[PDB]
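What follows is one structure encoded as structure tokens, with my remarks underneath.
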Amino acid sequence: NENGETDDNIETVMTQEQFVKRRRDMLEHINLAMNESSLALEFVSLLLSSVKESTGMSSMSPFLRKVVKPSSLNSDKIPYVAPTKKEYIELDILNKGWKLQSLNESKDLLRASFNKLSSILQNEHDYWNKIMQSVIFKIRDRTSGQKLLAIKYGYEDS
Amino acid sequence: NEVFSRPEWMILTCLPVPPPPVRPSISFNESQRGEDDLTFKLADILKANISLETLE
Amino acid sequence: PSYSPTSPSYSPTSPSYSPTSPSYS
Amino acid sequence: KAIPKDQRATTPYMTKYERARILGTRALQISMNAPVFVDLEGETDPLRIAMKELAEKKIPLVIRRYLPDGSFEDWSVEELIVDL
Amino acid sequence: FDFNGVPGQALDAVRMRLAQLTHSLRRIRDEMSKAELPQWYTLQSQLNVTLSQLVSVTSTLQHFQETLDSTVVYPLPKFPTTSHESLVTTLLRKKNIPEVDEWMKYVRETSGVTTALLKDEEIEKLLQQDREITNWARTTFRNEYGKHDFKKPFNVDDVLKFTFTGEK
Amino acid sequence: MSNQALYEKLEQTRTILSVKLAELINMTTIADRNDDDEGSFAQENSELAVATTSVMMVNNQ
Amino acid sequence: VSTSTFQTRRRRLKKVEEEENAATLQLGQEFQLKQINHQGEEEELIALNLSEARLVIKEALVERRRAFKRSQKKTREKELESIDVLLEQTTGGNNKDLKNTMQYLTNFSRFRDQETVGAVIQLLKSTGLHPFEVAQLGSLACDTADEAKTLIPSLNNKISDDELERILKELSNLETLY
Amino acid sequence: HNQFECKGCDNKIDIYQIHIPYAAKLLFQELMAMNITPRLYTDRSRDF
Amino acid sequence: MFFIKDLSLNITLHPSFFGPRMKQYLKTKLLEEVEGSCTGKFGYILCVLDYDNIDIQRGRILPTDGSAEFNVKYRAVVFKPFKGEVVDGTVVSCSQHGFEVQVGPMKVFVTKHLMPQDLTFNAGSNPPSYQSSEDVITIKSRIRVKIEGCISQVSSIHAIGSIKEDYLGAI
């Protein structure tokens with residue numbers, strides 16, 4: 001069982017195009033969020049107003065070439081009120097129940113394929129039973145001498 | 001030399017007293033004992049000193 | 001001292017953030 | 001200060017004193033169970049071992065040759081001519 | 001004295017958590033490209049699991065001054081250097097949603113609501129609260145789980161002594 | 001020895017105990033639980049980030 | 001045979017003055033502000049706040065384990081066990097001093113992550129304060145600018161009370177939540 | 001006990017050991033008793 | 001406090017080691033000699049930094065003997081305590097005379113008299129503790145001490161320290 005759970009935890013696969021395209025998906029779809037977290041690093045230059053602000057700013061090479069401390073704000077604590085007090089804001093909290101619901105729908109789906117994934121592992125429970133049914137030489141190979149590959153079994157001459 | 005040899009140091013005010021290795025003693029037989037000539041000469045210096053100290 | 005330098009990526013070719021509807025006089 | 005190898009001007013030949021001291025030193029070390037850099041072709045006397053090591057220039061020692069000013073030229077035993 | 005102290009009180013605080021979520025993503029992004037080898041499923045969960053944690057702190061850091069910042073609402077005025085090369089300014093000062101807003105609708109429409117107003121809506125709120133109260137029932141069942149607790153035969157030398165001398 | 005090996009298992013069990021509870025409890029908070037009562041200390045304010053709690057809960061819990 | 005330094009001074013016959021070591025910032029001849037690295041370059045004193053130190057040693061022993069295996073070819077309570085394992089690998093083992101040091105450092109470090117120790121190091125080295133103070137400010141958690149100025153007495157007039165109190169605030173904010 | 005000290009110098013640190021003929025240890029003690037200082041140094045300061 | 005210091009140690013290698021694993025043995029012997037070491041001049045030499053770049057230089061020949069001598073130039077983390085230094089530490093021992101506090105490599109001892117008057121010795125406890133009206137100081141407690149003075153003692157440095165003054169004592 002442990003070995004088989006460790007196998008599923010080895011990323012391991014022999015897929016052509018199938019395995020290939022999938023990992024490209026990771027690259028691009030991860031990269032997007034990496035790149036958008038860089039807009040997050042650009043809000044850093046947006047501070048300006050302080051030396052420690054410049055430090056944060058140099059985060060963009062284009063900040064290295066866009067010298068200004070550039071931006072400024074005023075007070076709409078009233079608009080904070082509007083964000084919070086709007087009938088729209090009450091309603092938006094419904095977008096919270098709504099996304100959360102579909103997340104719970106996802107959760108349910110994931111959870112069920114899990115017990116069926118434990119079912120392929122019952123093939124292994126059976127294999128261990130097979131082994132239970134039916135030399136304790138302990139070896140290590142693939143060289144190294146430490147870690148690498150290590151296991152145990154018997155032999156003949158004695 | 002201001003560090004190692006000021007002229008004020010030529011005159012003797014304090015006297016370094018050498019340890020026994022430099023002036024060995026020997027204890028023969030309880031009524032015979034041999035002291036080094038330096039130990040004699042020192043004792044005279046001392047006696048002459050103790051004397052002059054009392055006079056001043 | 002979070003890491004060392006700050007990771008550039010700056011981008012105007014992205015999806016898009018602006019729409020368009022007041023073009024007409 | 002240490003003279004560069006390309007600017008060394010002392011004899012390319014080993015002095016009587018150098019050779020006597022190398023042989024003395026190696027023999028001493030050999031005698032203090034130091035590792036021997038040659039096949040002892042049955043040899044047991046550390047001086048005869050030393051002689052053998054110097055004969056094949058397998059002695060890992062360097063002569064720091066001091067000049068009256070304080071500077072010096074370093075010479076390997078491998079590089080010194082043994083016409084003695 | 002000429003110009004003003006505009007805003008950005010907790011801006012530094014946003015930047016810090018903005019960076020850590022950037023820093024953890026960026027590093028995963030760099031590795032993501034050596035698809036030659038994926039780092040060890042332990043390693044990626046260490047980086048992608050604290051990389052998601054980074055965005056929780058960055059998620060919350062936004063709400064903590066959340067009254068303050070949407071109120072601040074600064075739009076940029078600068079050197080006219082910003083005006084040349086243009087877009088960078090449109091880009092760098094712009095808030096939107098991506099193709100994202102769309103599965104936000106898929107989700108919103110996935111709920112059971114939309115245009116039926118206030119009285120029926122207040123009721124749904126009380127009902128969801130009742131669901132959270134039926135969730136307290138989890139507290140009762142957790143009590144049942146009821147799992148909480150806390151964590152010479154002789155002298156060798158003398159034997160030998162005997163064998164040799166008959167000393168016992 | 002065996003002891004140290006088990007300790008780990010016990011910890012894992014405790015971890016397994018503490019997260020279906022967070023999936024249940026965070027369900028409440030994910031579903032959004034804005035309180036007329038001022039004392040209640042769970043928050044879901046800002047757009048992206050309060051429904052992001054729902055995306056993180058999913059992967060985390 | 002014992003260890004020597006880059007400080008070459010020729011004490012010819014003239015023995016003493018060996019003027020006392022106090023935090024009047026009068027440390028040894030050896031712990032002077034103007035040091036010299038092996039490349040002869042005049043380089044300033046390197047003082048570490050126990051966290052900046054924790055990381056340095058950990059880094060060095062980590063890199064050493066690398067070469068040791070290469071040449072062989074042909075949560076704090078959790079950090080303690082992890083470190084005590086690295087010491088068993090690289091250190092002489094007889095060196096009990098490093099073991100206690102690493103334990104103390106792990107238990108008393110104010111900043112866990114390298115990133116954290118990076119900002120600490122920036123914020124502080126901009127005050128112009130002498131490396132000793134800059135370290136003690138990083139390693140001693142103070143609230144009142146008086147707590148600081150009492151414990152680090154050398155600071156006395158070197159910084160404004162408010163300026164120091166502003167730093168003490170942005171230091172507390174950096175403390176890694178153990 | 002591995003204690004070193006040269007009181008008067010208050011030096012418990014900068015100490016060396018040397019191998020000299022006892023007659024020189026003697027000669028030096030003798031020159032001292034006679035108010036002369038034969039200070040022995042393990043490094044140089046003159047060059048040439 | 002806690003410094004990074006550039007230092008150099010002369011090592012005298014016997015000819016038998018004039019094999020290819022020479023640098024390896026030098027770097028090793030260096031660590032044996034220097035690491036753990038405690039001097040007055042430098043304090044506790046704790047950990048040698050940058051193993052991979054330890055400068056061995058060319059080893060000179062000690063003429064009558066075979067051996068070569070190298071001046072191994074290195075860089076390490078040191079701990080040199082000073083009088084006036086305020087340090088945090090854990091209590092280790094505690095007696096009718098005071099209490100020792102472990103501060104990294106070294107122990108700093110606090111006299112019954114170098115503490116406030118209110119803190120008094122309690123023998124009738126396991127382990128023996130110091131009791132204030134509000135505080136209790138014992139074997140596991142964490143204390144902030146002001147070093148009153150140091151004594152360079154062989155393979156260590158020990159110090160006396162107070163917790164009498166303001167902002168000192170239990171943490």
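Every residue, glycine as well, gets a Cβ built from its backbone with ideal geometry; the counts of neighbours run over all protein chains shown. What follows draws every value from the coordinates through simple rules; no lab data is involved.
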Original post:
Which value, in debye to the nearest 20, describes the size of the charge dipole of chain D about its Cα centre when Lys and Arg Cβ atoms bear +1, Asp and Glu Cβ atoms bear -1, and nothing else is charged?
Top reply: 280 debye
Original post:
Given Cα pairs under 8 Å that are at least 6 residues apart, what percent is the relative contact order of region G:2-47?
Top reply: 30 percent
**OP:** Mind jotting down the distance between the C-alpha centroids of region D:1-27 and region I:54-105, whole Å?
**Re:** 39 Å
**OP:** Could you name the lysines whose alpha carbon sits less than 26 Å from that of E:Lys105, not counting residues in the same chain fewer than 8 places away?
**Re:** A:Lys85, A:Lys86, A:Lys96, A:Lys99, A:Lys107, E:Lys94, E:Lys95, E:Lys119, E:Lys125
**OP:** With an 8 Å cut-off on Cα pairs and a minimum separation of 6 or more residues, tell me the relative contact order of region I:1-84 in percent.
**Re:** 46 percent
Original post:
To the nearest 0.05, what FRET efficiency results for A:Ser158 and A:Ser134 with a Förster distance of 35 Å applied to their C-beta separation?
Top reply: 0.95
Subject >> Among the listed pairs G:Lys96/G:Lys149; H:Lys7/I:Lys83; F:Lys9/G:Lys99; G:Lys169/I:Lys80; D:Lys5/I:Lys73, those beyond 26 Å (Cα-Cα) >> reply: G:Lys96/G:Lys149; F:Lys9/G:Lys99; G:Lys169/I:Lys80
Original post:
For chain E, with the dipole built from +1 on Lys and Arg beta-carbon atoms and -1 on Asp and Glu ones, taken about the Cα centre, which of E:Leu37, E:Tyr74, E:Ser59 lies farthest toward the positive end?
Top reply: E:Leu37
Original post:
What does a probe at D:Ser71 reach in region D:1-35, counting residues whose amide N is under 15 Å from the point 7 Å along Cα→Cβ?
Top reply: D:1-11
Original post:
If you keep only loop residues by DSSP, which trypsin sites (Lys or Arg not before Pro) in region G:7-71 have at most 16 other Cβ atoms within 10 Å of their Cβ?
Top reply: G:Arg9, G:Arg10, G:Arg11, G:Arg12, G:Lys14, G:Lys15
Subject >> Pairwise label distance in nanometres, E:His148 with D:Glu79, each label 7 Å out on the Cα-Cβ vector >> reply: 8.0 nm
Original post:
How much mean residue ellipticity at 222 nm does chain A get from its helices, if each DSSP H run of length 4 or more adds -39500 (n - 2.57) and you divide by all residues, to the nearest 500 deg cm²/dmol?
Top reply: -22000 deg cm²/dmol
Subject >> Residue-averaged 222 nm ellipticity for chain E, from DSSP H runs of 4+ at -39500 (n - 2.57), nearest 500 >> reply: -20500 deg cm²/dmol
**OP:** Within region I:77-171, list the GluC sites (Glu not before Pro) lying in a DSSP loop whose Cβ has at most 16 other Cβ atoms in a 10 Å radius.
**Re:** I:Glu134, I:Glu165
Subject >> Modelled FRET efficiency - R0 22 Å, I:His97 with I:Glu134, Cβ distances, 0.05 increments >> reply: 0.45
**OP:** Quick one: dipole size for the protein assembly as shown, taken about the Cα centre, charges +1 on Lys/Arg Cβ and -1 on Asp/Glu Cβ, in debye to the nearest 20.
**Re:** 2560 debye
Original post:
Which distance in Å, rounded to a whole number, links the C-alpha centroids of region E:15-56 and region E:71-102?
Top reply: 27 Å
Original post:
If you find the alpha carbon centre of region D:41-62 and of region G:1-79, how far apart are they in angstrom?
Top reply: 44 Å
Subject >> Under 27 Å from the Cα of B:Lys41 - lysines, other chains or at least 8 residues apart >> reply: H:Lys25
Subject >> Estimated inter-spin distance, E:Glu31 and B:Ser25, nm [label 7 Å along Cα→Cβ] >> reply: 8.3 nm
Original post:
Most fluctuating residue of I:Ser37, I:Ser67, I:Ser152 in a GNM of chain I with Cα springs under 10 Å: which is it?
Top reply: I:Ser67
Original post:
So what is the calculated 222 nm ellipticity per residue for chain I, using -39500 (n - 2.57) for each DSSP H run with n of 4 or more, over all residues, to the nearest 500 deg cm²/dmol?
Top reply: -2500 deg cm²/dmol
Original post:
Per Stokes-Einstein, at 4 °C and 1.567 mPa s, what whole-number D in µm² s⁻¹ belongs to region I:85-171, with the Kirkwood radius over Cα pairs as the hydrodynamic radius?
Top reply: 101 µm²/s
Original post:
What relative contact order, as a whole-number percentage, does chain F give when Cα pairs under 8 Å and 6 or more residues apart are counted?
Top reply: 32 percent
Original post:
Label-point separation (nm) for A:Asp25 and A:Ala150, each offset 7 Å from Cα along Cα-to-Cβ?
Top reply: 3.9 nm
Subject >> DSSP-loop GluC sites (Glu not before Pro) across chain D, with at most 14 other Cβ within 10 angstrom >> reply: D:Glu41, D:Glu56, D:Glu78, D:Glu79
Original post:
At a Förster distance of 30 Å, what's the computed FRET efficiency of E:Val113 paired with F:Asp35, Cβ-Cβ distance as r, to 0.05?
Top reply: 0.90
**OP:** Any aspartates and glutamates with Cα under 20 Å of the D:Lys58 Cα? List them, leaving off those in the same chain fewer than 8 positions away.
**Re:** D:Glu18, D:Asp39, D:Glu41, D:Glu43, D:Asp45, D:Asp74, D:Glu78, D:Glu79, D:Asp83, I:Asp65, I:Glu69
